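Contents: one structure, followed by commentary.
Just so it is clear, A, B, C, D, E, F and G label the chains in written order, and each chain counts residues from 1 on its own.
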Amino acid sequence: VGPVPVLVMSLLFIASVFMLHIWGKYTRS
Amino acid sequence: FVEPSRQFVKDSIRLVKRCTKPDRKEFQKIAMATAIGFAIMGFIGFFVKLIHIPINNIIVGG
Amino acid sequence: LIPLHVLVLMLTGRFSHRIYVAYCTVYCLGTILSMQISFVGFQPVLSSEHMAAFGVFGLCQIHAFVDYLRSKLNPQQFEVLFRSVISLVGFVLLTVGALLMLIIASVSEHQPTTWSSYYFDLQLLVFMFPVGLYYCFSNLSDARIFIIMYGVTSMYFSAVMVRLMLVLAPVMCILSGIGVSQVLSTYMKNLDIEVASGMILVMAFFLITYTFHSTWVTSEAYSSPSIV
Amino acid sequence: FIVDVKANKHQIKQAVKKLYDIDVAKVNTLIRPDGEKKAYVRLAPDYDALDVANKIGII
Amino acid sequence: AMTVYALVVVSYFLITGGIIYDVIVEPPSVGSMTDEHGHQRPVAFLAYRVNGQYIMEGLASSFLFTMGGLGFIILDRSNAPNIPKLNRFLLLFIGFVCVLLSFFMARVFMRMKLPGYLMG
Amino acid sequence: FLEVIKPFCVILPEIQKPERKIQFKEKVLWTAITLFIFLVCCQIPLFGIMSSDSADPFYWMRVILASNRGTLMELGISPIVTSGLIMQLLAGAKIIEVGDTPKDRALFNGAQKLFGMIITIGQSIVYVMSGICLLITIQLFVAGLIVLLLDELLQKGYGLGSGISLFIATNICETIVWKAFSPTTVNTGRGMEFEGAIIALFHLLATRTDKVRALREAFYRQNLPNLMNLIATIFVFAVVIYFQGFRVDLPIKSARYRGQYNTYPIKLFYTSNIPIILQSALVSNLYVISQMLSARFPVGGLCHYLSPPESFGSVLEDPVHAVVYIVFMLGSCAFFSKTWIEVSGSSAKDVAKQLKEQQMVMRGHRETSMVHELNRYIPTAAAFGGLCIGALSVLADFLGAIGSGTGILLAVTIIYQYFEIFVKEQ
Amino acid sequence: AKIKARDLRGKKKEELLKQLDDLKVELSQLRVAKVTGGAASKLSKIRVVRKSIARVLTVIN
C-alpha cells in the first residue's frame, strides 16, 4: 500500500453494502 | 522384522537431547506475546456474537 | 462530597494551608448554620453520612497539625516513639467512636434509567464528557480534582434514580465545557497565526445540532401539565 | 578432541575416562599447525562413539 | 495515575449501560408475533417505551459512547504533537479518528431516531 | 501450463510496498486497520433466503471461519488458504515446474489470485445451490477480492504473522468471546441462560445460594462447556508452546564472509504439520462425506474404526475403538510426515540446495556433505515431529481442556509459527 | 545467577570446591556449544562463568 485507497476502497465496498442493504429495504417495511 | 522399531525408538532419544529446550525467557516472550496475538484474532468472535445473531433476528423476523 | 474529596487530598498528598484554612471555615461554621435548621436539626451530630464527614474533618485537622510538627524536629527515632503514642490515642478515639453510633419506588421516576434519560437527555454533551475529564487528568491541578470527584460521584448516583439526573445536569456541562474548549483551543491554534480545516469546521455542526435537539425535545416530552 | 599441548596420552586417557565416565582403547595425539594438540581417542568396543557424541552435545 | 482514568472510562459505559438494568434485567431482543407469517424474529432495540432497554441495547449504547470519547483522546495525545512519522502514521490517525467521530455520531443519531421516532 | 494463461491473466493486481521501509509502529497501524475490517467483515448479508441449517460444514467449517450463513467472511478464507496450499504444492511437487524469475513469481501471485477467485465462485455457486439469485455473486467476489487484497498487503507490506493466520486467530478469540459473555438465550430442569461462560460462572454466583453447589456446577459441568475444561484448554496451550521451542541449532560460517553465525534452526513441529494434521483430518472427513453414499447402496458399524470414542471415561465400553483410534492417530501423523517432507520443501536435498543457493556452508565438513550432516536429523524430526503432535492431540482429547480439540491446538500452532513469520520482517 | 565474593568468604572448604567443579562443568558445555554454533545467549555465559570460576578460586587461595 504505497497508497491508502485500497483501504478506502474497502470502506467504499462496505458502504455499497451498507447503503445498498437498506436501499432496497426503503420500499419495503 | 523387529529391529526398525529399535531403530526408531533409539532414533527418537537421539534427537530429543540435541534440541535446545527453551528456558524462562523465550517461553515467556512467545507465551504472553502470542496469547496476545491469539486474542487479536479472538474478540472477532465476540463481534460476530454482537452482530450476526441479532441481524439473524432481523433476517428471520422479516 | 466535600470532606471525602478532602480525603482524596490525603492520598494524592496535595495538602496546603490554603486547602485547610478555607476548609475549616465552611465546615465548622456551616455545621452550626445547618444546626439552625429543623429538618437537619441535631442530625449534624448524628447520621451515618455526615458523622463520617466529621471524622474526616478531624483526621484532616490532625494531618495538618502533624505536618506542622516534626518539620521543626528531625526525622529522629523519638518522633516514631510519640508517633506510636499519638497513634494509639487516635485509634482509641476511633474505637470509642465506633462503639457509640447513634409508592415512591413505584412512581415511575425513582426507578433506574438508561441512556434515553441519558443521550436523549444530553446528546452531544455526553460525547465531550471524558474529553475535558482527560484534560482534567492531563493538567491535574489542585482545583480540578474536586470536579473529577464530582464527575465520578454524580455518575454513580444518576445510575439509579433518573430524578437524581439533575445532579449530573451541570457536571457533564462542566467538563464538556472544558472539553470543547480544549479541542477548540488546540485547533484554532494551528493555522491563522488542513486538519483544522476539518476539526474546527465539524465542531460547529457537531455541537449546534445539540441546540436543535434542546429546542424541541423540550416541546415533545415535557410540554404537558399534570392537571390538564 | 582438542587438548592442552602439555598433555601425555596417559593424561588424556585419564581425563577422557574421568569427564565422560567412559573407557578408552587408545589415544593417538598429534599437533596442529596452529598450535592446538589434537587427539583421536579410540573408545573400547563395549562403548559406541555416536552415543557418547550425542551425550556430550556434538553430532 | 492514568490508570485511574482507565478505571473511570471503564466504569463509564459500564454504568451507562446496564447497572440500572441489572436488577430490572430484560432479556435480549425477541418480540415479534409472526407479523404475518414468521413467528419469533428478534426485533431490535426497544422503541415504544423510552426508559426501558435490554442487555443488547445497553451494551451497544455504551460502546458507541466510549469510542467517541477515546477518539478525542487520540486527537489530543498524538495528533496535536509533531514527533512521529510526519506523513504516514499521522494521516492514518486523523483519518480513522475522523471516521470514528463522524460515523459514530451519525449512527447514534440514527439509534435515537429509529427507537425514538423523533422528527429529524 | 504456465506460459500461456499467466501472461494474459493480469487483471487488477495489487500495489507493491513503498520506500518507507523501516518503521516500528505504522506496521501495527496496517495491522489494526485490517482488524477494523474484520470487526466489520463479520456482519450480515443482504439476501432474505433464510435457509434452515446455517451451513452444512458449519462446525469444522465454523472452526476455520465462523460466519456460517453469515457475513462477508464468506464462510472461510478457504479460497485463499486452499488455493495457496495447492499452489505451493504444485510448485514444490514437480508436477509443475518452479518459477524463480521475478516475472514468474509475480505471475505466480497472479495465478494464486486466479485459483482463489475461481474457488470463491465455486463456493458461491455451491452454497446457493430460488429466483432471488441476483447480486449475491457480485457481493461475494467483491468480498473475496477484499480478503485477497488484505492478505497480500499483509505479506509484502506489514506482514508478520500473515494476513490469514491472524484473521483466523482473532476470529477464534471472538468465538471464545461469544462464549465468554453471552447476552441472549431463547427461553433445562433449572438454570436458564448460562452455558460454560465465565460470565455464566459469574452470573451463577449472583443467582443461586449454597455456593458449594454453585462451585460444583461451575467446575464439573458436563453437557455444556466447563471451566475445568477451560483450565485444561489453557494448559494445553501452555504445553504446546513449550514444545514449539524445541529446535535443533546448526551454526553456519557463511561463505565468503568472516564468521557471521546465523544458525539455521530445525523446529520439531516442522511446518507445524498444517499438512500432517490436516492429513489426519481430511481423510476422516472424506469418508464421513461419503457415508451418504452408504445410506443407499453408516453411523454404526463403520464408526468403530472411524472416530474417537468421545468418552471421558477412559475405560469406556470398547477398548478396541480407543486403541485403534490412538494408534491410527500416531501412525497417521508419523507416516504423513515421512511422506510429506519430500514435497513441500525442507527435505535433505531441499535444505542443501537452499543453503548453497543462499551461500551458507557448514563448518564441520565440505558443502555437499551437509546432506549427510543433517540427513540424520530431518526424517526423525519429521517422524517424531509427526508423532508427538498426534499423541499430543491425544492429550487434547484424553483430557477435555480443549475448546475444540486437536484442531484448536494446531490452529493456534499455526498462529505461533505465524507470529515468527510476521516478526521476521520486523 | 550471580556468584559474588561476599557470600563465598564464609562457606566451607568442601562446599567451595563443589561450586568450582560445577562451574568448570558449565564452562565445558559452553565451549562445546561455541564449536557447534550454540547461540549468542550461550556465548555470553562463557565469559561470566570464567570470572565466577576465578571469583571462587580466588576466595579459596
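Quick note on the criterion: a residue touches a chain if its C-beta (ideal position, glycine included) is under 8 Å from a C-beta of that chain, and two chains touch if they have at least 3 such contacts.
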* Within the chain touch network, how many edges lie on the shortest path between subunit A and subunit D? -> 3
* Chain nearest the overall C-alpha centroid of the shown protein atoms -> B
* Asked: Most C-beta contact pairs, which chains?
  -> B-F
* To do: Can you check how far apart subunit B and subunit D are, centre to centre, with Cα atoms defining each centre and the answer in Å?
  => 44
* Between subunit C and subunit G, what's the gap in Å when you average each chain's C-alpha atoms? -> 62
* Per the centroid of Cα atoms for each chain, what is the distance between subunit D and subunit F, given in Å? -> 49
* Structure fact -> Between subunit C and subunit F, the Cα-mean centres are separated in Å by 53
* Structure fact -> subunit D touches at least 2 other chains through residues 57, 59
* To do: For subunit E, jot down the residues that touch at least 2 other chains.
  => 28-30, 40, 42, 56, 59, 92
* Two or more other chains in contact with one residue: find those residues in subunit F. => 33, 44, 184, 249
* What residues of subunit G sit close enough to touch subunit F in their complex? -> 36-39
* To do: Name, in rising order, each residue of subunit B that touches subunit E in their complex.
  => 50, 53-54, 56-62
* **Contact set on subunit E toward subunit B in their complex** => 28-30, 32, 35, 38, 40-43, 56, 59-60
* subunit C - residues contacting subunit E, complex -> 108, 111-120, 123-124, 126-131, 133-135, 137-138, 151-152, 155-156, 159-160, 162, 179, 182-183, 186-187, 195, 198-199, 202, 206, 209, 216-217, 220
* subunit F residues within the subunit A interface of the complex -> 14-18, 30, 33, 37, 40, 44, 46, 72, 139, 142-143, 146, 149-150, 153, 157
